[PDB]
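Report on one structure; see the data block that follows.
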Amino acid sequence: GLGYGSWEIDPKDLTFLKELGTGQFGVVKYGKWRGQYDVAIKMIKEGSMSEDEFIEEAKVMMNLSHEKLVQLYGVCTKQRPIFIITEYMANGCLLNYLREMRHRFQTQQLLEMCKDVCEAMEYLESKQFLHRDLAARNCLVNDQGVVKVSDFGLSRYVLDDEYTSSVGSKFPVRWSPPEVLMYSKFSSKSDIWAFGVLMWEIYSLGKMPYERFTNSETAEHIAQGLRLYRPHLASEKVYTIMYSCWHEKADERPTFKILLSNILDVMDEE
Ligand SMILES: CN1CCN(C(=O)[C@H]2CCc3c([nH]c4c(C(N)=O)cc(F)c(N5CCC[C@@H](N6CCN(C)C6=O)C5)c34)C2)CC1
Ligand SMILES: [Cl-]
């Protein structure tokens, strides 16, 4: 079924309805399962992912369950290419959504976007599960405007060298703490740093972080102490939250449990 029963999904139950575009692994489609339930269908371009390791990890991913996590429904592996079937998010990726100026977001909405993501990351942290590529491009938005974290942990199976090398052109340099860029030290605290950059993206309505700097200049400057400026839409109290994620010492960065509590404190003042 879809989240029930076998997680090997029979592709004969799928109807393709619309092309959603292409992402890290190629073609993504919108469709229906057994004519009724909406799904997204990720078709995994051959040569782009470490499929055996992913399919093993998919067992772990099926056991994760949180409202603010894009649900993995299952896989279609008896065919070329394989398919990954997930929850459908009608409003697309958070980054594009932020950049659509027609929404005319209130800051109350932006704050709740941060809360949705932080809830999902608190859940993952309680499960000792790192995201490893948290960013607005990796969050999705459903028809109710709820933001959900997607593709958690998937960077471990990407085969593209430009994404894997810390100096590759596709590595998430602008979402990485210094200990990642200099030593490849990943931890919950590198996810924390990325969450700070994500809050900044949200309150900047989707601007690219450190836009005036190249990837190399960014890596050098944040390791010296350059930090992202406060976005105009972020109050001092909101900026303190995102800023706290960027401490130069990883153990001085908060947990996601603390960040959620800080976000709720600001929310509760409204
Ligand atoms: C006209 N109507 C039908 C479709 N509409 C959308 O907005 C769709 C945008 C993409 C998208 C939607 N869902 C998803 C899901 C999902 N699990 O649901 C997973 C994905 F992995 C998506 N993407 C693939 C390409 C690259 C990237 N991109 C590239 C550009 N973009 C916005 C984006 O998200 C992400 C989408 C909804 C508008 C309303
Ligand atoms: Cl700004």
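Just so you know, these numbers use all the heavy atoms, side chains as well, and skip hydrogens, waters and symmetry mates. One-based numbering along the sequence shown.
- Counting only heavy atoms from C-beta outward, the side chains of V75 and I85 never approach each other to under 4.5 Å.
- In this structure, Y30 and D38 have side chains that are in contact, with non-hydrogen atoms separated by less than 4.5 Å.
- Judged by distance alone, with hydrogens and angles left aside, the side-chain atoms of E122 form no donor-acceptor pair with the main-chain N or O of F256 at under 3.5 Å.
- For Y229 and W200, the gap between ring centers is short of 6.0 Å.
- A donor-acceptor pair shorter than 3.5 Å cannot be found between the side chains of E125 and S188.
- In this structure, a donor-acceptor pair under 3.5 Å is present between the side chains of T77 and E8.
- Every residue was checked against the side-chain hydrogen bond (donor to acceptor under 3.5 Å, both in side chains) condition with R212, not counting sequence neighbours, and none meets it.
- For the pair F54 and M61, the minimum side-chain heavy-atom distance is below 4.5 Å.
- By the 4.0 Å N-to-carboxylate-O rule, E53 lies too far from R156 to be salt-bridged with it.
- Paired with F25 under the rule side-chain contact (heavy atoms from CB on, under 4.5 Å), one option of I82, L154, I84 passes, and it is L154.
- Heavy-atom contacts from other residues, nucleotides or ligands closer than 6.0 Å to OH of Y243 number 12 or fewer.
- In terms of hydrophobic clustering, with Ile, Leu, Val, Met, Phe, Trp and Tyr side chains grouped at heavy-atom distances under 4.5 Å, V117 and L205 are assigned to a common cluster.
- Remark: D52 CG is loosely packed, at most 12 non-hydrogen atoms of other residues, nucleotides or ligands lying under 6.0 Å away.
- In this structure, the side chains of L124 and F152 come closer than 4.5 Å at one or more pairs of heavy atoms.
- Checking side-chain atoms of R132 against main-chain N and O of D191 turns up no donor-acceptor pair under 3.5 Å.
- Residues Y97 and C139 are not in side-chain contact: their nearest non-hydrogen atoms beyond the backbone lie 4.5 Å or more apart.
- The NZ atom of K32 lies 12.0 Å from the CG atom of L14; values are rounded to the nearest 0.5 Å.
- For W193 and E179, the side-chain atoms include no donor-acceptor pair closer than 3.5 Å.
- Within a 6.0 Å radius of CD in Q109, other residues, nucleotides and ligands contribute more than 12 heavy atoms.
- Ring-centre distance between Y88 and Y73: not below the 6.0 Å cut-off.
- Side-chain atoms of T164 and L159, non-hydrogen and from C-beta on, never get closer than 4.5 Å to each other.
- A salt bridge does not link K207 with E211: none of the charged nitrogens is closer than 4.0 Å to a carboxylate oxygen.
- Contact check for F16 versus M43: side-chain heavy atoms found under the 4.5 Å cut-off.
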Run the salt bridge (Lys or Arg N to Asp or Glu O under 4.0 Å) check on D151 and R137 step by step: do they pass?
-> CA-CA 10 Å; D151 290 353; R137 60 183 173 279; over 6 Å; no

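- For the pair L140 and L94, the minimum side-chain heavy-atom distance is 4.5 Å or more.
- With sequence neighbours left out, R99 forms a side-chain hydrogen bond (donor to acceptor under 3.5 Å, both in side chains) with no residue at all.
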